[PDB]
Number of protein chains: 2
Amino acid sequence: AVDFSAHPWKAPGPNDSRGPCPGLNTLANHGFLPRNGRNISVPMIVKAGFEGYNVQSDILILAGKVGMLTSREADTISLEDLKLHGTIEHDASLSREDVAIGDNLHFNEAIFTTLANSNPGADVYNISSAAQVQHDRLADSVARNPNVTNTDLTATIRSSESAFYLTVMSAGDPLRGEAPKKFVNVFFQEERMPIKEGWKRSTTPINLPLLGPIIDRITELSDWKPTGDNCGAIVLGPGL
Amino acid sequence: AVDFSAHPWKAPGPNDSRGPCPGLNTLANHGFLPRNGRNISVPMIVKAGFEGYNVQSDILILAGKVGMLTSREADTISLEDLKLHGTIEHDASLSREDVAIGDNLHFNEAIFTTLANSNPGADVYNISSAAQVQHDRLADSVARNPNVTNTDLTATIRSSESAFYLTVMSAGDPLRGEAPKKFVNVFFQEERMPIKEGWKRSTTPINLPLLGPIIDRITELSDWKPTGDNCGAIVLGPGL
Ligand code: HEM
Ligand code: HEM
Ligand SMILES: C[C@]12CC[C@H]3[C@@H](CCC4=CC(=O)CC[C@@]43C)[C@@H]1CC[C@@H]2O
Ligand SMILES: C[C@]12CC[C@H]3[C@@H](CCC4=CC(=O)CC[C@@]43C)[C@@H]1CC[C@@H]2O
Ligand SMILES: *[C@@H]1O[C@H](CO)[C@@H](O)[C@H](O)[C@H]1NC(C)=O
Ligand SMILES: *[C@@H]1O[C@H](CO)[C@@H](O)[C@H](O)[C@H]1NC(C)=O
Ligand SMILES: *[C@@H]1O[C@H](CO)[C@@H](O)[C@H](O)[C@H]1NC(C)=O
Ligand SMILES: *[C@@H]1O[C@H](CO)[C@@H](O)[C@H](O)[C@H]1NC(C)=O
Ligand SMILES: [Mg+2]
Ligand SMILES: [Mg+2]
């Protein structure tokens, strides 16, 4: 029971904190999280993710508390803090550049081209297109970034993020692992819920049981292999 | 402001949650944290560690948020949750057994013997004794624990914990990196502030600048070296 008319999209202003995550950015841009993107807690993320997307607490508590590590504060972050490389933020993003060779924070259209051009001849993105995109994005990083980090952990996060856009921006049952291109494109390009375009919050809860087989299938189809030491160590706090 | 006389030691009851950390347990046993050891946030830890020990927010925010990962809750833990092996809890503890070959949670006198017998002929523990104890405890784990984990991360946490007992249970300036045996022994064995015995909260702030060189010196004197997997990966949540 949520009124989205009470949660209009507004462009972030100059001092509004935004991060590398289109999911949290979009929530902020609709006031499900504070529009200023600051002093955000895990409880706020849980509630916002539920209200906006029908994403459940299981994934948001797990991801949320890892994200809290990126700030210097006891129990909040600014959305921009999440750019901290090697906590959650990773190389071979769908819409951002690798931190060693560019901007790991802002939407980048040239990077997004690979996703935007995926699944030619359908009007949806799906599990096989998502996997191909992941394969191609990793190949790009391996080719152009000598400092690329690619581990079981980064690969899992990446597949989770692909599963997120397929499910949250779905038309049908998020189970189907497919989302209209016109919805997903608005999500990434404008960090807006495509309400005008016909999108509605899922009526099916999106949780780890639902996401898990989608994640695993994306990974499997992506023809993935580790790089280097394959160490799943995260950065535990900023400025260590 | 803070009145220690209003914070008497009381033994935990059977349903009071206690963890592998004598620092947090002691605070709970004095009501600086909830005596039941539950529903504890990073802000609560920050305030309790300041009031009880003069430990500053820098280290408590960093450690606190890593510890939050051990629970299934959005922003709190039970003290017992911190026993989760491979988040913070590690092998070659000073006063607990390795989880693969015993109890990683409760104080164990036989394990503590090594610490208790360190620095023979002085009435203090100090940086060189702390280092010897760490060397000997790791040797014990390598000898007796087929599942031993020893990484740069576990070694650093271990030196941090040793620096904690040398500083928080100090008589003089915590700078000196030495603490009376009679204070440290009560701290570990009873998880009590040794007020009766003459201990007072440090009047010098204990923060990362103060602890850093003590930690590094303990590590250096401990003659530590990597032994296998040196991947400093933490466990990101329970039930994975
Ligand atoms: C609530 C639903 C969520 C959705 C739908 C979502 C969606 C996404 C998507 C699609 C990406 C990939 C962007 C890209 O590769 O360019 C992403 C990245 C990210 N998300 Fe989320 N997210 C959500 C929740 C969260 C939470 C709770 C956190 C942390 C508290 C988080 C932190 C991040 C971070 C740090 C990245 C950067 C990874 C990278 O691309 O390097 N997200 N998110
Ligand atoms: C955020 C705050 C804290 C958290 C989350 C935390 C957590 C932990 C955990 C999980 C352990 C078990 C490590 C192991 O031995 O396997 C531990 C050990 C320890 N902690 Fe804490 N701690 C905190 C603050 C403090 C403080 C303020 C002190 C001050 C005295 C302290 C002193 C110790 C000591 C001495 C040990 C070693 C126990 C042993 O090796 O037997 N801790 N801590
Ligand atoms: C929550 C998270 C995305 C989802 C990941 C999680 C790591 C563990 C994990 C394993 C799986 O098999 C499913 C996805 C999950 C549940 C990641 C840690 C940080 C990241 O944002
Ligand atoms: C906070 C912490 C103790 C202090 C550690 C920190 C890891 C990084 C670190 C490196 C140092 O050189 C000093 C101690 C510190 C700052 C640890 C992570 C978990 C543990 O409780
Ligand atoms: C994705 O769509 C393409 C084209 O419509 C199709 O060939 C492919 O089999 C689909 N994959 C999945 C997983 O449904
Ligand atoms: C935990 O603490 C919060 C914050 O004070 C409170 O609202 C809540 O009721 C508590 N939960 C339990 C289980 O007591
Ligand atoms: C620790 O105490 C012993 C015995 O008093 C002494 O010989 C040693 O030098 C001390 N070490 C440090 C670092 O103070
Ligand atoms: C611990 O070591 C034993 C002996 O090598 C091995 O059989 C077992 O799988 C290990 N356990 C874990 C937790 O890996
Ligand atoms: Mg990235
Ligand atoms: Mg231990």
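Because the Cβ atoms are built from the backbone with ideal geometry, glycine has one as well, and the counts that use them run over all protein chains shown. Here, each number is a calculation from the coordinates, and none is a lab measurement.
Among the residues of the stretch B:177-198, those that are surrounded by fewer than 16 Cβ atoms within 10 Å (Cβ to Cβ) and either under 14 Å from the mean Cα position of the chain (by Cα) or at negative phi (or both) comprise B:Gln189, B:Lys196, B:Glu197. I'd like the residue in the stretch B:87-124 that is polar (S, T, N, Q), away from ligand 3 (no atom under 16 Å from the Cβ) and touching a residue at least 24 places away in the same chain (Cβ under 8 Å) and, out of all such residues, is farthest from the other protein chains (Cβ to nearest Cβ). Among those residues, the one meeting the criterion is B:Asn119. Scanning the stretch B:23-47 for residues that are assigned to a helix (DSSP H, G or I) and either within 14 Å of another protein chain (Cβ to nearest Cβ) or within 16 Å of ligand 7 (Cβ to nearest atom) (or both) turns up B:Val42, B:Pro43, B:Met44, B:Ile45, B:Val46, B:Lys47.
Across the stretch A:210-240, which residue is nearest to the other protein chains (Cβ to nearest Cβ) among those that are out of contact with any helix residue (DSSP H, G or I) (no Cβ under 8 Å at 6 or more places or on another chain) and not hydrophobic (A, V, I, L, M, F, W, C)? Walk me through how you get there before you give the answer.
Step one: filter the stretch A:210-240 for residues out of contact with any helix residue (DSSP H, G or I) (no Cβ under 8 Å at 6 or more places or on another chain), giving A:212-213, A:225, A:228-229, A:231, A:235, A:239-240.
Now restrict to residues that are not hydrophobic (A, V, I, L, M, F, W, C): A:212-213, A:225, A:228-229, A:239.
Details: A:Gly212: 12, A:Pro213: 16, A:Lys225: 18, A:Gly228: 11, A:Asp229: 7, A:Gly239: 10 Å.
This residue is A:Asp229.
For the stretch B:199-223, name all the residues that are surrounded by fewer than 13 Cβ atoms within 10 Å (Cβ to Cβ) and among the β-branched types (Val, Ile, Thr). Answer for the stretch B:199-223, where residues must be surrounded by fewer than 13 Cβ atoms within 10 Å (Cβ to Cβ) and among the β-branched types (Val, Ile, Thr): just B:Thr203.
Could you say whether any residue in the stretch B:130-149 is more than 16 Å from ligand 1 (Cβ to nearest atom), within 14 Å of chain A (Cβ to nearest Cβ) and over 27 Å from B:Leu210 (Cα atoms)? Within the stretch B:130-149, one or more residues are more than 16 Å from ligand 1 (Cβ to nearest atom), within 14 Å of chain A (Cβ to nearest Cβ) and over 27 Å from B:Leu210 (Cα atoms).
Inspect the stretch B:96-105 for any residue being within 16 Å of ligand 4 (Cβ to nearest atom) and among the basic types (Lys, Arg) and give the result as yes or no. Don't jump to the end; show me each part of the working.
Just the residues of the stretch B:96-105 that are within 16 Å of ligand 4 (Cβ to nearest atom), to begin with: B:96, B:104.
Filter once more, keeping what is among the basic types (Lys, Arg): B:96.
Scanning the stretch B:96-105, I find at least one residue that is within 16 Å of ligand 4 (Cβ to nearest atom) and among the basic types (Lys, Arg), so the answer is yes.
Taken over the stretch B:72-86, the residue count meeting the criterion of being more than 14 Å from ligand 6 (Cβ to nearest atom), within 14 Å of another protein chain (Cβ to nearest Cβ) and either assigned to a strand (DSSP E or B) or surrounded by fewer than 20 Cβ atoms within 10 Å (Cβ to Cβ) (or both) is 1.
For B:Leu153, state whether it is in contact (Cβ under 8 Å) with a residue 24 or more places away in the chain and touching a helix residue (DSSP H, G or I) at 6+ places or on another chain (Cβ under 9 Å).
In short, no.
Put simply, of A:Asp98, A:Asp16 the only residue that is surrounded by 18 or more Cβ atoms within 10 Å (Cβ to Cβ), part of a loop (DSSP other than H, G, I, E, B), touching a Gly at 6+ places or on another chain (Cβ under 6 Å) and at negative phi is A:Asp16.
Of all residues in the stretch A:48-71 being assigned to a loop (DSSP other than H, G, I, E, B) and more than 7 Å from chain B (Cβ to nearest Cβ), which is surrounded by the most Cβ atoms within 10 Å (Cβ to Cβ)? Checking each candidate, the answer is A:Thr70.
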